Amino acid sequence: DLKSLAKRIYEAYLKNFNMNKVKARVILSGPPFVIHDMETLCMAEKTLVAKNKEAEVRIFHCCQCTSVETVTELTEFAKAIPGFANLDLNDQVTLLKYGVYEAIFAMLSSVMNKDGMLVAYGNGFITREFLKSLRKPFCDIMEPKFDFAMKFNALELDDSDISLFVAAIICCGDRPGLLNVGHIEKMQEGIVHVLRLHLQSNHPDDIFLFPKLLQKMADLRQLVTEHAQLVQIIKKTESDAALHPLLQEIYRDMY
Amino acid sequence: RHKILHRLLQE
Ligand SMILES: CC(C)(Sc1ccc(CCN(CCCCC2CCCCC2)C(=O)NC2CCCCC2)cc1)C(=O)O
């Protein structure tokens, strides 16, 4: 039932993520509150966030809360991938541990354009330049993500493609410390098989789109490797930037 | 070692 493995994964994607590509493009076309300077950030915090430090530290805390929620949605999505709930609980944990941020930065592309990113459930839009304006090390977090996203978005994927791509990212048989490698590789084989057939049908004019996407998965691995290095730096050198517990679990010992 | 995530997974 290949056409139904795809549909099951797509359905699980639409069920579990608040933000997706069709919703983001509707908003990014035609109004989110633009955050482009310190004044608008403060106004946005008044109107979009309920409950005092440097601007950069407040942005970092809001971002963490968001990542905590995305990690939670991705866990629910993962449990809905055929076979995943059958793996060993340790392997489930290992697959999400290394997979979530690859998935998060793929999906972040959906809400990014070259000028900024849609944030807060579609209700704000932060300019890329404002984020560059922040002081080090916080002006370094988002930029490499915009760079990745501009290359990713040029592939013109839709949510049916992205759902399978994210499933393939999560079902990766070469993560450090997997116990039952063969069981994961067999799952991934089927997802990737369905992804190749789905792209062939959904994008019949890009004959290299499947290997283009495999390469993006390796690009996202490097992107997360570097991201985890910037986070480790932040966690040493910034007194006010402690990680939410679930995020500490995920980053501890990562790369 | 991944207490919260393990909790999430078993729900
Ligand atoms: C927190 C670290 C340590 S670094 C990190 C990681 C991820 C992100 C992107 C967070 N974000 C902006 C959240 C913007 C909040 C906004 C700020 C201004 C005032 C109003 C509220 C956002 O919209 N994420 C989408 C969510 C939908 C699905 C795709 C991802 C930023 C930094 C982590 O790595 O976890």
# chains A, B, ... in the order shown; residues from 1 in each chain; ligands from 1

call {"tool": "residues_near_ligand", "arguments": {"ligand": "ligand 1", "cutoff": "6 Å", "atoms": "only C-alpha atoms and all ligand atoms", "output": "PDB file with N, CA and C atoms, in the first residue's frame"}}
result
ATOM      1  N   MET A  19       1.709  24.713  12.060  1.00  0.00           N
ATOM      2  CA  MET A  19       2.142  25.528  10.938  1.00  0.00           C
ATOM      3  C   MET A  19       2.575  24.591   9.821  1.00  0.00           C
ATOM      4  N   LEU A  41       9.816  44.935  18.434  1.00  0.00           N
ATOM      5  CA  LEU A  41       9.969  43.750  19.270  1.00  0.00           C
ATOM      6  C   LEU A  41       9.233  43.927  20.592  1.00  0.00           C
ATOM      7  N   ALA A  44       5.558  43.743  20.085  1.00  0.00           N
ATOM      8  CA  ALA A  44       5.177  42.359  19.811  1.00  0.00           C
ATOM      9  C   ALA A  44       5.162  41.537  21.089  1.00  0.00           C
ATOM     10  N   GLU A  45       6.153  41.727  21.964  1.00  0.00           N
ATOM     11  CA  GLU A  45       6.113  41.037  23.256  1.00  0.00           C
ATOM     12  C   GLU A  45       4.900  41.450  24.097  1.00  0.00           C
ATOM     13  N   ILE A  59      14.320  37.088  23.254  1.00  0.00           N
ATOM     14  CA  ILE A  59      14.111  36.360  22.005  1.00  0.00           C
ATOM     15  C   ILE A  59      14.516  34.899  22.167  1.00  0.00           C
ATOM     16  N   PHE A  60      15.650  34.639  22.836  1.00  0.00           N
ATOM     17  CA  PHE A  60      16.139  33.264  22.988  1.00  0.00           C
ATOM     18  C   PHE A  60      15.167  32.436  23.805  1.00  0.00           C
ATOM     19  N   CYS A  62      11.829  32.943  24.145  1.00  0.00           N
ATOM     20  CA  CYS A  62      10.678  32.647  23.306  1.00  0.00           C
ATOM     21  C   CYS A  62      10.987  31.550  22.295  1.00  0.00           C
ATOM     22  N   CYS A  63      12.152  31.625  21.653  1.00  0.00           N
ATOM     23  CA  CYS A  63      12.539  30.570  20.709  1.00  0.00           C
ATOM     24  C   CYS A  63      12.580  29.195  21.365  1.00  0.00           C
ATOM     25  N   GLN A  64      13.172  29.097  22.554  1.00  0.00           N
ATOM     26  CA  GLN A  64      13.161  27.835  23.283  1.00  0.00           C
ATOM     27  C   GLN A  64      11.756  27.332  23.489  1.00  0.00           C
ATOM     28  N   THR A  66       9.213  27.822  21.810  1.00  0.00           N
ATOM     29  CA  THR A  66       8.720  27.322  20.528  1.00  0.00           C
ATOM     30  C   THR A  66       9.333  25.951  20.203  1.00  0.00           C
ATOM     31  N   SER A  67      10.657  25.828  20.334  1.00  0.00           N
ATOM     32  CA  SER A  67      11.295  24.547  20.053  1.00  0.00           C
ATOM     33  C   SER A  67      10.759  23.433  20.936  1.00  0.00           C
ATOM     34  N   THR A  70       7.702  22.376  19.203  1.00  0.00           N
ATOM     35  CA  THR A  70       7.936  21.650  17.954  1.00  0.00           C
ATOM     36  C   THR A  70       8.447  20.244  18.216  1.00  0.00           C
ATOM     37  N   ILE A 104      13.211  20.237  12.281  1.00  0.00           N
ATOM     38  CA  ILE A 104      12.816  21.607  12.606  1.00  0.00           C
ATOM     39  C   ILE A 104      13.369  22.594  11.578  1.00  0.00           C
ATOM     40  N   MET A 107      11.385  22.272   8.230  1.00  0.00           N
ATOM     41  CA  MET A 107      10.073  22.896   8.311  1.00  0.00           C
ATOM     42  C   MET A 107      10.163  24.417   8.495  1.00  0.00           C
ATOM     43  N   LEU A 108      11.205  24.901   9.186  1.00  0.00           N
ATOM     44  CA  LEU A 108      11.432  26.362   9.315  1.00  0.00           C
ATOM     45  C   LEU A 108      11.513  27.053   7.947  1.00  0.00           C
ATOM     46  N   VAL A 119       6.428  34.071  12.417  1.00  0.00           N
ATOM     47  CA  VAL A 119       6.566  33.507  13.762  1.00  0.00           C
ATOM     48  C   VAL A 119       5.229  33.594  14.502  1.00  0.00           C
ATOM     49  N   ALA A 120       5.199  32.976  15.688  1.00  0.00           N
ATOM     50  CA  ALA A 120       4.074  33.059  16.620  1.00  0.00           C
ATOM     51  C   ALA A 120       2.753  32.697  15.936  1.00  0.00           C
ATOM     52  N   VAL A 231      25.057  26.363  20.136  1.00  0.00           N
ATOM     53  CA  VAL A 231      24.302  26.266  21.389  1.00  0.00           C
ATOM     54  C   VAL A 231      25.225  25.950  22.572  1.00  0.00           C
TER      55      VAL A 231
END

call {"tool": "closest_atom_pairs", "arguments": {"of": "chain A", "to": "chain B", "cutoff": "7 Å", "atoms": "only C-alpha atoms", "output": "Markdown table"}}
result
| residue | atom | partner | partner_atom | distance |
| --- | --- | --- | --- | --- |
| A:75 | CA | B:9 | CA | 6.9 |
| A:93 | CA | B:6 | CA | 6.6 |
| A:246 | CA | B:4 | CA | 6.1 |
| A:249 | CA | B:2 | CA | 5.5 |

call {"tool": "select_by_dssp", "arguments": {"residues": "chain B", "states": "helix (DSSP H, G or I)", "output": "PDB file with N, CA and C atoms, in the first residue's frame"}}
result
ATOM      1  N   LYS B   3      14.485  11.658  30.049  1.00  0.00           N
ATOM      2  CA  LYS B   3      13.309  11.336  30.840  1.00  0.00           C
ATOM      3  C   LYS B   3      12.038  11.847  30.171  1.00  0.00           C
ATOM      4  N   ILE B   4      12.032  13.114  29.756  1.00  0.00           N
ATOM      5  CA  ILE B   4      10.809  13.725  29.251  1.00  0.00           C
ATOM      6  C   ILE B   4      10.405  13.073  27.946  1.00  0.00           C
ATOM      7  N   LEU B   5      11.372  12.948  27.038  1.00  0.00           N
ATOM      8  CA  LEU B   5      11.137  12.361  25.726  1.00  0.00           C
ATOM      9  C   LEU B   5      10.646  10.923  25.828  1.00  0.00           C
ATOM     10  N   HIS B   6      11.192  10.180  26.791  1.00  0.00           N
ATOM     11  CA  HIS B   6      10.728   8.829  27.049  1.00  0.00           C
ATOM     12  C   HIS B   6       9.286   8.854  27.541  1.00  0.00           C
ATOM     13  N   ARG B   7       8.952   9.853  28.355  1.00  0.00           N
ATOM     14  CA  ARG B   7       7.580  10.033  28.787  1.00  0.00           C
ATOM     15  C   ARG B   7       6.670  10.311  27.601  1.00  0.00           C
ATOM     16  N   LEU B   8       7.053  11.276  26.772  1.00  0.00           N
ATOM     17  CA  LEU B   8       6.264  11.586  25.590  1.00  0.00           C
ATOM     18  C   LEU B   8       6.020  10.339  24.754  1.00  0.00           C
ATOM     19  N   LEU B   9       7.061   9.529  24.549  1.00  0.00           N
ATOM     20  CA  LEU B   9       6.957   8.381  23.643  1.00  0.00           C
ATOM     21  C   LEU B   9       5.987   7.319  24.146  1.00  0.00           C
ATOM     22  N   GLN B  10       5.890   7.131  25.459  1.00  0.00           N
ATOM     23  CA  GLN B  10       5.014   6.091  25.972  1.00  0.00           C
ATOM     24  C   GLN B  10       3.555   6.529  26.085  1.00  0.00           C
TER      25      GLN B  10
END

call {"tool": "atom_distance", "arguments": {"atom1": "atom CA of residue A:206", "atom2": "atom CA of residue A:144"}}
result
25.8 Å

call {"tool": "residues_around", "arguments": {"residues": "stretch 138-141 of chain A", "least_positions_apart": "3", "cutoff": "12 Å", "atoms": "only C-alpha atoms", "output": "PyMOL selection string"}}
result
chain A and resi 54-61+63+105+128-135+144-147+223-224+226-235+237-238+241

call {"tool": "atom_distance", "arguments": {"atom1": "atom CA of residue A:167", "atom2": "atom CA of residue A:74"}}
result
9.6 Å

call {"tool": "residues_around", "arguments": {"residues": "residue A:151", "least_positions_apart": "2", "cutoff": "12 Å", "atoms": "only C-alpha atoms", "output": "PDB file with N, CA, C and O atoms, in the first residue's frame"}}
result
ATOM      1  N   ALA A 106      14.219  21.936   8.449  1.00  0.00           N
ATOM      2  CA  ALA A 106      13.518  21.754   7.176  1.00  0.00           C
ATOM      3  C   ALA A 106      12.179  22.480   7.175  1.00  0.00           C
ATOM      4  O   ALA A 106      11.842  23.197   6.221  1.00  0.00           O
ATOM      5  N   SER A 109      12.024  26.346   6.942  1.00  0.00           N
ATOM      6  CA  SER A 109      12.102  26.894   5.604  1.00  0.00           C
ATOM      7  C   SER A 109      10.743  27.317   5.099  1.00  0.00           C
ATOM      8  O   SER A 109      10.624  28.305   4.351  1.00  0.00           O
ATOM      9  N   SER A 110       9.711  26.578   5.488  1.00  0.00           N
ATOM     10  CA  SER A 110       8.370  26.835   4.997  1.00  0.00           C
ATOM     11  C   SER A 110       7.897  28.223   5.406  1.00  0.00           C
ATOM     12  O   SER A 110       7.040  28.811   4.732  1.00  0.00           O
ATOM     13  N   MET A 112       9.929  30.849   6.004  1.00  0.00           N
ATOM     14  CA  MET A 112      10.985  31.804   5.704  1.00  0.00           C
ATOM     15  C   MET A 112      10.894  32.300   4.254  1.00  0.00           C
ATOM     16  O   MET A 112      10.625  31.527   3.330  1.00  0.00           O
ATOM     17  N   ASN A 113      11.159  33.589   4.046  1.00  0.00           N
ATOM     18  CA  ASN A 113      11.485  34.083   2.712  1.00  0.00           C
ATOM     19  C   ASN A 113      12.775  34.886   2.857  1.00  0.00           C
ATOM     20  O   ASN A 113      13.368  34.943   3.943  1.00  0.00           O
ATOM     21  N   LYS A 114      13.304  35.455   1.778  1.00  0.00           N
ATOM     22  CA  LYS A 114      14.628  36.090   1.955  1.00  0.00           C
ATOM     23  C   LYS A 114      14.603  37.291   2.884  1.00  0.00           C
ATOM     24  O   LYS A 114      15.673  37.712   3.339  1.00  0.00           O
ATOM     25  N   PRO A 144      22.362  31.097   9.265  1.00  0.00           N
ATOM     26  CA  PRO A 144      22.624  29.900   8.466  1.00  0.00           C
ATOM     27  C   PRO A 144      21.333  29.140   8.155  1.00  0.00           C
ATOM     28  O   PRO A 144      21.286  28.370   7.173  1.00  0.00           O
ATOM     29  N   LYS A 145      20.292  29.336   8.977  1.00  0.00           N
ATOM     30  CA  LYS A 145      19.013  28.696   8.705  1.00  0.00           C
ATOM     31  C   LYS A 145      18.336  29.365   7.525  1.00  0.00           C
ATOM     32  O   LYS A 145      17.703  28.673   6.721  1.00  0.00           O
ATOM     33  N   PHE A 146      18.447  30.719   7.401  1.00  0.00           N
ATOM     34  CA  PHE A 146      17.860  31.410   6.248  1.00  0.00           C
ATOM     35  C   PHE A 146      18.568  30.962   4.972  1.00  0.00           C
ATOM     36  O   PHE A 146      17.943  30.751   3.923  1.00  0.00           O
ATOM     37  N   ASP A 147      19.885  30.861   5.044  1.00  0.00           N
ATOM     38  CA  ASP A 147      20.674  30.425   3.893  1.00  0.00           C
ATOM     39  C   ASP A 147      20.226  29.043   3.425  1.00  0.00           C
ATOM     40  O   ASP A 147      19.960  28.841   2.233  1.00  0.00           O
ATOM     41  N   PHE A 148      20.173  28.079   4.352  1.00  0.00           N
ATOM     42  CA  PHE A 148      19.643  26.757   3.997  1.00  0.00           C
ATOM     43  C   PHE A 148      18.261  26.869   3.364  1.00  0.00           C
ATOM     44  O   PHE A 148      17.995  26.261   2.316  1.00  0.00           O
ATOM     45  N   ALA A 149      17.353  27.641   4.003  1.00  0.00           N
ATOM     46  CA  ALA A 149      15.949  27.707   3.569  1.00  0.00           C
ATOM     47  C   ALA A 149      15.828  28.272   2.158  1.00  0.00           C
ATOM     48  O   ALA A 149      14.952  27.876   1.380  1.00  0.00           O
ATOM     49  N   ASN A 153      13.851  26.111  -0.404  1.00  0.00           N
ATOM     50  CA  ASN A 153      12.591  26.579  -0.952  1.00  0.00           C
ATOM     51  C   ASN A 153      12.622  26.679  -2.455  1.00  0.00           C
ATOM     52  O   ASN A 153      11.557  26.664  -3.075  1.00  0.00           O
ATOM     53  N   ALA A 154      13.816  26.767  -3.041  1.00  0.00           N
ATOM     54  CA  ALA A 154      13.951  26.796  -4.488  1.00  0.00           C
ATOM     55  C   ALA A 154      13.555  25.469  -5.109  1.00  0.00           C
ATOM     56  O   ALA A 154      13.255  25.427  -6.290  1.00  0.00           O
ATOM     57  N   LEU A 155      13.496  24.401  -4.325  1.00  0.00           N
ATOM     58  CA  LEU A 155      12.996  23.115  -4.822  1.00  0.00           C
ATOM     59  C   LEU A 155      11.490  23.098  -4.950  1.00  0.00           C
ATOM     60  O   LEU A 155      10.945  22.179  -5.552  1.00  0.00           O
ATOM     61  N   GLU A 156      10.797  24.062  -4.350  1.00  0.00           N
ATOM     62  CA  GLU A 156       9.352  24.188  -4.534  1.00  0.00           C
ATOM     63  C   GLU A 156       8.579  22.945  -4.101  1.00  0.00           C
ATOM     64  O   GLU A 156       7.626  22.518  -4.765  1.00  0.00           O
ATOM     65  N   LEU A 157       8.967  22.386  -2.957  1.00  0.00           N
ATOM     66  CA  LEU A 157       8.236  21.293  -2.341  1.00  0.00           C
ATOM     67  C   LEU A 157       6.904  21.772  -1.769  1.00  0.00           C
ATOM     68  O   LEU A 157       6.762  22.925  -1.364  1.00  0.00           O
ATOM     69  N   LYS A 212      18.561  15.430  -5.235  1.00  0.00           N
ATOM     70  CA  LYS A 212      18.653  16.773  -4.635  1.00  0.00           C
ATOM     71  C   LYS A 212      18.204  16.740  -3.185  1.00  0.00           C
ATOM     72  O   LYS A 212      18.786  17.410  -2.322  1.00  0.00           O
ATOM     73  N   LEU A 213      17.146  15.969  -2.900  1.00  0.00           N
ATOM     74  CA  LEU A 213      16.620  15.952  -1.532  1.00  0.00           C
ATOM     75  C   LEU A 213      17.487  15.115  -0.621  1.00  0.00           C
ATOM     76  O   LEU A 213      17.629  15.434   0.560  1.00  0.00           O
ATOM     77  N   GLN A 215      20.613  14.899  -0.863  1.00  0.00           N
ATOM     78  CA  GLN A 215      21.710  15.787  -0.514  1.00  0.00           C
ATOM     79  C   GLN A 215      21.263  16.807   0.544  1.00  0.00           C
ATOM     80  O   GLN A 215      22.026  17.131   1.461  1.00  0.00           O
ATOM     81  N   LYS A 216      20.011  17.288   0.473  1.00  0.00           N
ATOM     82  CA  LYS A 216      19.577  18.243   1.514  1.00  0.00           C
ATOM     83  C   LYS A 216      19.559  17.599   2.876  1.00  0.00           C
ATOM     84  O   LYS A 216      19.700  18.298   3.877  1.00  0.00           O
ATOM     85  N   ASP A 219      23.055  17.958   4.094  1.00  0.00           N
ATOM     86  CA  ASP A 219      23.207  19.392   4.431  1.00  0.00           C
ATOM     87  C   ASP A 219      22.572  19.736   5.784  1.00  0.00           C
ATOM     88  O   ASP A 219      23.127  20.526   6.569  1.00  0.00           O
ATOM     89  N   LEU A 220      21.373  19.207   6.045  1.00  0.00           N
ATOM     90  CA  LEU A 220      20.736  19.462   7.345  1.00  0.00           C
ATOM     91  C   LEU A 220      21.521  18.815   8.476  1.00  0.00           C
ATOM     92  O   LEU A 220      21.638  19.401   9.562  1.00  0.00           O
TER      93      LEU A 220
END

call {"tool": "select_by_dssp", "arguments": {"residues": "stretch 6-249 of chain A", "states": "strand (DSSP E)", "output": "list in words"}}
result
residues 33, 34, 35, 112, 113, 116, 117, 118, 119, 124, 125, 126 and 127 of chain A

call {"tool": "atom_distance", "arguments": {"atom1": "atom CA of residue A:126", "atom2": "atom CA of residue A:43"}}
result
12.6 Å

call {"tool": "residues_around", "arguments": {"residues": "stretch 179-190 of chain A", "least_positions_apart": "4", "cutoff": "12 Å", "atoms": "only C-alpha atoms", "output": "mmCIF file with N, CA and C atoms, in the first residue's frame"}}
result
data_model
loop_
_atom_site.group_PDB
_atom_site.id
_atom_site.type_symbol
_atom_site.label_atom_id
_atom_site.label_comp_id
_atom_site.auth_asym_id
_atom_site.auth_seq_id
_atom_site.Cartn_x
_atom_site.Cartn_y
_atom_site.Cartn_z
ATOM 1 N N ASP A 1 0.809 -1.218 0.000
ATOM 2 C CA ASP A 1 0.000 0.000 0.000
ATOM 3 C C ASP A 1 0.843 1.268 0.000
ATOM 4 N N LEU A 2 1.722 1.409 -0.988
ATOM 5 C CA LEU A 2 2.646 2.539 -1.011
ATOM 6 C C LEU A 2 1.899 3.862 -1.039
ATOM 7 N N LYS A 3 0.838 3.943 -1.858
ATOM 8 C CA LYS A 3 0.088 5.194 -1.951
ATOM 9 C C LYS A 3 -0.587 5.543 -0.624
ATOM 10 N N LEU A 5 0.866 4.432 2.502
ATOM 11 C CA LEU A 5 1.929 4.859 3.420
ATOM 12 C C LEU A 5 2.184 6.351 3.253
ATOM 13 N N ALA A 6 2.211 6.834 2.012
ATOM 14 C CA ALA A 6 2.380 8.261 1.802
ATOM 15 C C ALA A 6 1.245 9.029 2.451
ATOM 16 N N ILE A 81 4.313 7.398 12.366
ATOM 17 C CA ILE A 81 4.990 6.794 11.210
ATOM 18 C C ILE A 81 4.901 5.280 11.335
ATOM 19 N N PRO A 82 4.417 4.578 10.314
ATOM 20 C CA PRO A 82 4.329 3.114 10.375
ATOM 21 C C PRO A 82 5.634 2.484 10.800
ATOM 22 N N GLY A 83 5.569 1.622 11.810
ATOM 23 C CA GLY A 83 6.752 0.931 12.316
ATOM 24 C C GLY A 83 7.480 1.618 13.463
ATOM 25 N N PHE A 84 7.349 2.934 13.597
ATOM 26 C CA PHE A 84 8.170 3.621 14.581
ATOM 27 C C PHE A 84 7.844 3.169 16.003
ATOM 28 N N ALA A 85 6.548 3.124 16.337
ATOM 29 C CA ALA A 85 6.117 2.698 17.662
ATOM 30 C C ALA A 85 6.470 1.246 17.953
ATOM 31 N N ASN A 86 6.908 0.488 16.941
ATOM 32 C CA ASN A 86 7.347 -0.885 17.152
ATOM 33 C C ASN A 86 8.810 -0.976 17.519
ATOM 34 N N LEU A 87 9.587 0.076 17.289
ATOM 35 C CA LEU A 87 10.994 -0.019 17.615
ATOM 36 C C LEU A 87 11.178 -0.061 19.120
ATOM 37 N N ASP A 88 12.404 -0.373 19.508
ATOM 38 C CA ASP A 88 12.840 -0.265 20.891
ATOM 39 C C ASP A 88 12.692 1.173 21.398
ATOM 40 N N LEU A 89 12.199 1.336 22.625
ATOM 41 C CA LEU A 89 12.069 2.682 23.160
ATOM 42 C C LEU A 89 13.384 3.449 23.131
ATOM 43 N N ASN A 90 14.531 2.773 23.326
ATOM 44 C CA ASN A 90 15.808 3.500 23.297
ATOM 45 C C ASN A 90 16.095 4.039 21.907
ATOM 46 N N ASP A 91 15.759 3.246 20.894
ATOM 47 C CA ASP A 91 15.950 3.634 19.501
ATOM 48 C C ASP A 91 14.960 4.724 19.097
ATOM 49 N N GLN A 92 13.716 4.649 19.592
ATOM 50 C CA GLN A 92 12.794 5.767 19.409
ATOM 51 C C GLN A 92 13.418 7.046 19.921
ATOM 52 N N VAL A 93 13.939 7.006 21.141
ATOM 53 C CA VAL A 93 14.541 8.193 21.731
ATOM 54 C C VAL A 93 15.751 8.642 20.921
ATOM 55 N N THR A 94 16.598 7.695 20.502
ATOM 56 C CA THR A 94 17.806 8.066 19.757
ATOM 57 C C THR A 94 17.453 8.686 18.411
ATOM 58 N N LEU A 95 16.420 8.159 17.752
ATOM 59 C CA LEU A 95 16.017 8.701 16.457
ATOM 60 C C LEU A 95 15.466 10.128 16.595
ATOM 61 N N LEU A 164 6.829 13.476 3.892
ATOM 62 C CA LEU A 164 7.653 12.289 3.629
ATOM 63 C C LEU A 164 9.128 12.575 3.913
ATOM 64 N N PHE A 165 9.589 13.763 3.517
ATOM 65 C CA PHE A 165 10.983 14.111 3.759
ATOM 66 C C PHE A 165 11.270 14.058 5.245
ATOM 67 N N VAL A 166 10.377 14.638 6.059
ATOM 68 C CA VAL A 166 10.576 14.663 7.507
ATOM 69 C C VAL A 166 10.510 13.266 8.099
ATOM 70 N N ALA A 167 9.576 12.435 7.614
ATOM 71 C CA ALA A 167 9.596 11.021 7.995
ATOM 72 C C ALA A 167 10.949 10.373 7.666
ATOM 73 N N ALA A 168 11.495 10.626 6.465
ATOM 74 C CA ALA A 168 12.764 9.997 6.107
ATOM 75 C C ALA A 168 13.909 10.491 7.016
ATOM 76 N N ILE A 169 13.874 11.776 7.404
ATOM 77 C CA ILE A 169 14.891 12.345 8.291
ATOM 78 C C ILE A 169 14.885 11.638 9.629
ATOM 79 N N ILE A 170 13.698 11.465 10.195
ATOM 80 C CA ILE A 170 13.544 10.833 11.497
ATOM 81 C C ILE A 170 13.931 9.350 11.452
ATOM 82 N N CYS A 171 13.613 8.646 10.367
ATOM 83 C CA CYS A 171 13.887 7.199 10.303
ATOM 84 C C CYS A 171 15.279 6.915 9.734
ATOM 85 N N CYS A 172 16.311 7.459 10.382
ATOM 86 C CA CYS A 172 17.675 7.394 9.859
ATOM 87 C C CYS A 172 18.443 6.267 10.539
ATOM 88 N N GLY A 173 18.866 5.278 9.763
ATOM 89 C CA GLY A 173 19.530 4.121 10.329
ATOM 90 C C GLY A 173 20.989 4.261 10.747
ATOM 91 N N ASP A 174 21.614 5.426 10.652
ATOM 92 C CA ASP A 174 23.008 5.552 11.057
ATOM 93 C C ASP A 174 23.195 6.544 12.204
ATOM 94 N N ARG A 175 22.184 6.753 13.052
ATOM 95 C CA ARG A 175 22.408 7.602 14.208
ATOM 96 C C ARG A 175 23.289 6.889 15.240
ATOM 97 N N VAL A 194 8.824 5.230 -1.079
ATOM 98 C CA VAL A 194 7.609 6.007 -1.273
ATOM 99 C C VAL A 194 7.919 7.477 -1.623
ATOM 100 N N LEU A 195 8.953 8.050 -1.021
ATOM 101 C CA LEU A 195 9.313 9.445 -1.347
ATOM 102 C C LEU A 195 9.750 9.585 -2.808
ATOM 103 N N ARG A 196 10.576 8.652 -3.279
ATOM 104 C CA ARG A 196 11.032 8.681 -4.667
ATOM 105 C C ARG A 196 9.861 8.587 -5.641
ATOM 106 N N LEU A 197 8.941 7.643 -5.402
ATOM 107 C CA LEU A 197 7.770 7.531 -6.265
ATOM 108 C C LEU A 197 6.905 8.772 -6.154
#
